[PDB]
Amino acid sequence: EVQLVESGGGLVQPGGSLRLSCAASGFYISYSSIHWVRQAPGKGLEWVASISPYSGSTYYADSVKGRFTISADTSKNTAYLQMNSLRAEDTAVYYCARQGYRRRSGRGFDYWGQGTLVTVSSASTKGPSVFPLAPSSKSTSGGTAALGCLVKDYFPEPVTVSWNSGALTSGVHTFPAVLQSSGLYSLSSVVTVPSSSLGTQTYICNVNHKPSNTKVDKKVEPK
Amino acid sequence: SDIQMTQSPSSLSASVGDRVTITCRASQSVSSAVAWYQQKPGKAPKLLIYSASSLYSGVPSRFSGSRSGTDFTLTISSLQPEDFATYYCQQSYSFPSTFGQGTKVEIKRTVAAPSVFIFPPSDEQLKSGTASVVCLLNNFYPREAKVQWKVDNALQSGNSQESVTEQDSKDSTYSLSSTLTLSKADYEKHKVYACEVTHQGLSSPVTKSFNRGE
RNA sequence: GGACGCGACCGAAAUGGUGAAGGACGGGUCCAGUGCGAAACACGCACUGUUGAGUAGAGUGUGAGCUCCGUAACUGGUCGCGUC
Ligand SMILES: CC1=N/C(=C\c2cc(F)c(O)c(F)c2)C(=O)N1CC(F)(F)F
Ligand SMILES: [K+]
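Residue numbers (the numbering used here), protein chains in the order written: chain A, 1 to 223; chain B, 224 to 437.
1) Between residue 25/A and residue 78/A, what straight-line distance do the alpha-carbon atoms span, to the nearest angstrom?
2) From the beta carbon of residue 158/A, is the nearest beta carbon of chain B less than 7 Å away?
3) Is there a Cβ of chain A sitting closer than 7 Å to that of residue 390/B, yes or no?
4) Please report how far the alpha carbon of residue 86/A lies from the alpha carbon of residue 18/A, in whole angstroms.
5) What's the gap between the Cα of residue 280/B and the Cα of residue 232/B?
6) Counting only the same chain and skipping the five closest in sequence on each side, list residues whose C-beta sits under 8 Å from that of residue 183/A.
7) Just checking my contact of residue 326/B with residue 245/B at CB under 8 Å: how many whole Å lie between their CB atoms?
8) Could you give the distance in angstroms between the alpha-carbon of residue 216/A and the alpha-carbon of residue 158/A?
9) Go through its chain and collect everything with a Cβ distance to residue 142/A's Cβ below 8 Å, but skip five positions before and after it.
10) In the DSSP assignment, what are the bridge partners of residue 226/B?
11) Is residue 391/B helix, strand or coil by DSSP?
12) For residue 268/B, I'd like the list of residues in its chain whose CB is within less than 8 Å of its CB, leaving aside the five on either flank, ordered along the chain.
13) Less than 8 Å between the CB atoms is what I'm expecting for residue 272/B and residue 302/B, so what's the real figure, rounded?
14) Quick check on residue 258/B - is its C-beta less than 7 Å from some C-beta in chain A?
15) At the level of alpha carbons, what is the spacing between residue 398/B and residue 164/A?
16) Using 10 angstroms around the beta-carbon of residue 394/B, count the other beta-carbons present and answer buried if the total reaches 16, otherwise exposed.
17) Can you pull out the residues from the region 246-273 of chain B whose beta carbon lies closer than 7 Å to at least one beta carbon of chain A?
18) Does the distance from the C-beta atom of residue 147/A to that of residue 207/A stay below 7 Å?
19) Does residue 90/A come out as helix, strand or coil in the three-state DSSP assignment?
20) Please specify which runs of the beta strand (DSSP E), each continuous and at least 3 residues long, are wholly inside the region 255-287 of chain B, giving them in chain order.
21) Which residues of chain A have a Cβ atom closer than 8 Å to the Cβ of residue 355/B, listed in chain order?
22) Roughly how many angstroms separate the alpha carbons of residue 238/B and residue 366/B, rounded to a whole number?
23) Expressed to the nearest angstrom, what Euclidean distance is found between the alpha-carbon atoms of residue 358/B and residue 368/B?
24) With distances taken Cα to Cα, identify the nearest neighbour of residue 83/A among 161/A, 70/A, 93/A.
25) Closer than 8 Å by beta-carbon distance: list the chain A residues that pair up with residue 319/B, in chain order.
26) Touch check for the region 280-295 of chain B and the region 344-351 of chain B: three-plus C-beta pairs under 8 Å?
27) Hey, could you find the ends of the alpha helix (DSSP H) residue 316/B is sitting in?
28) Can you name, in chain order, every residue of its own chain whose Cβ lies under 6 Å from the Cβ of residue 173/A, other than the five neighbours on each side?
29) Give the straight-line distance between the Cα atoms of residue 101/A and residue 59/A, rounded to the nearest whole angstrom.
30) In the DSSP assignment, what are the bridge partners of residue 175/A?
31) Quick one: grab the DSSP three-state call for residue 408/B.
32) For residue 162/A and residue 339/B, what's the separation of their Cα atoms in angstroms?
33) Nearest-angstrom Cα distance between residue 356/B and residue 291/B?
Here you go:
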């Protein structure tokens with residue numbers, strides 16, 4: 001019944017500003033304390049800010065104090081997080097969490113949003129170049145053969161990869177994106193297949209990078 | 224002074240049914256204002272314990288919290304397959320709130336040697352000024368693996384990045400990708416491109432490679 | 001001896017003025033903590049605390065009591081006088 005939905009996340013260059021929303025449903029935000037908590041990729045959870053009910057008192061972490069402003073629109077039943085003077089270290093996934101009812105959950109955050117991504121960088125939005133990881137010509141390894149696609153030089157996150165439009169899912173591994181020294185992301189998706197049918201069967205990685213309107217389909221054949 | 228929450232361990236491997244315990248030690252007194260969360264990859268945190276030892280509604284009773292002074296502990300009496308995730312502690316005794324650095328609990332299993340594959344850079348990318356060589360360690364355990372790059376028997380360093388998947392939902396194995404990045408120029412100067420994999424499940428270190436021209 | 005009456009002294013319910021006391025005279029208020037109100041702060045309630053708080057009040061009580069100076073019902077006591 002109760003749910004939280006954050007939006008407004010996206011790419012913004014350093015010094016820029018971004019406004020986050022926290023649409024609530026299944027409950028009234030006026031009766032609860034709303035919190036913002038962010039998580040940089042690979043790191044742990046970091047408390048950002050909050051706002052108390054009835055009093056409207058706000059609280060911020062030192063790392064964001066003076067730049068961030070948390071508010072609440074009861075008319076829209078939505079909480080907002082105004083982020084000004086953004087920095088590269090502000091880059092993370094932003095959650096909105098409800099502070100549960102005291103006699104029931106104490107000061108615990110009983111409900112969390114799905115989180116909205118906020119990337120801060122000077123890098124321009126760029127679609128990825130997809131290259132084939134062609135299956136070796138000789139022998140095997142573990143009993144089969146392997147192939148895949150290299151998704152390189154895209155920005156920002158995220159990107160999705162499928163094989164044969166979702167028909168191929170077994171033995172498929174899509175690795176976590178890695179931020180290159182160039183400021184651009186890069187990742188590879190592979191899949192193990194029988195080396196006996198490398199020629200007679202078709203394998204196609206379906207790459208998808210929406211932030212740049214870049215959807216590509218590359219078929220991976222023996223070179 | 225901000226209140227510190229020192230969580231430990233940072234990682235943990237246990238079998239299904241095992242009794243595990245995660246600890247968070249506070250720098251100051253936080254009373255009982257301690258919460259425990261569970262987070263799975265790509266998902267939001269889920270509240271497990273509140274007020275140090277109170278079990279949230281709908282949370283299985285195998286999860287239990289306890290407070291000893293400024294030391295708090297999450298206890299999982301018997302691990303179940305759906306229990307393997309990352310757990311964080313939180314203090315909300317005073318602002319600002321403080322989170323533990325997390326504790327990733329991972330499932331144990333029999334040792335599994337990785338299947339190694341090497342992929343030469345595509346002709347399409349080479350005409351772009353950069354060459355990418357990929358080494359693939361596939362389905363192995365534990366995660367502890369060492370991957371080295373050798374071009375013409377020259378050990379590479381500083382020009383490679385690794386990436387590892389989460390523990391697979393079926394066989395609980397890992398997969399890893401090493402990515403060597405070279406210029407088209409430097410790529411053209413040499414012939415034999417090598418990557419050597421050292422893993423516990425391997426009889427001896429395995430080398431997989433090719434020659435640039437052929 | 002006794003009764004009644006007058007007066008004085010004393011006592012005295014009551015009352016005006018007065019000036020010392022701080023928590024063992026109280027109430028109010030504030031503060032801290034805890035729990036509660038959909039409620040970490042602010043607001044409100046409840047509980048706890050004076051080794052929490054000014055006897056210059058910081059009170060739309062400095063209220064009660066007491067110190068000290070007066071007025072005083074009287075059903076009071078004593079004494080004198082008049083009368084029976
Ligand atoms: C200044 C002060 N002190 C007070 C009260 C109090 C009550 C007790 F029971 C006690 O033991 C004590 F020492 C003081 C008090 O009420 N104030 C008033 C105000 F100005 F603060 F408002
Ligand atoms: K008083």
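All residues carry an ideal CB built from backbone N, CA and C; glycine is no exception.
Quick look at the numbers:
1) 9 Å
2) no
3) no
4) 8 Å
5) 27 Å
6) 121, 122, 123, 155
7) 5 Å
8) 15 Å
9) 192
10) Note: residue 226/B sits in no beta bridge, so no partner.
11) coil
12) 260, 261, 262, 311
13) That pair is no contact at about 16 Å.
14) yes
15) 21 Å
16) exposed
17) 256, 258, 267, 268, 270, 273
18) no
19) helix
20) 257-262, 269-273
21) 131, 150, 152
22) 16 Å
23) 13 Å
24) 70/A
25) 47, 59, 60, 61, 62
26) no
27) Per DSSP, residue 316/B belongs to no alpha helix (DSSP H) and is neither H nor E.
28) 190
29) 19 Å
30) In DSSP, residue 175/A forms no bridge with anything.
31) helix
32) 22 Å
33) 53 Å
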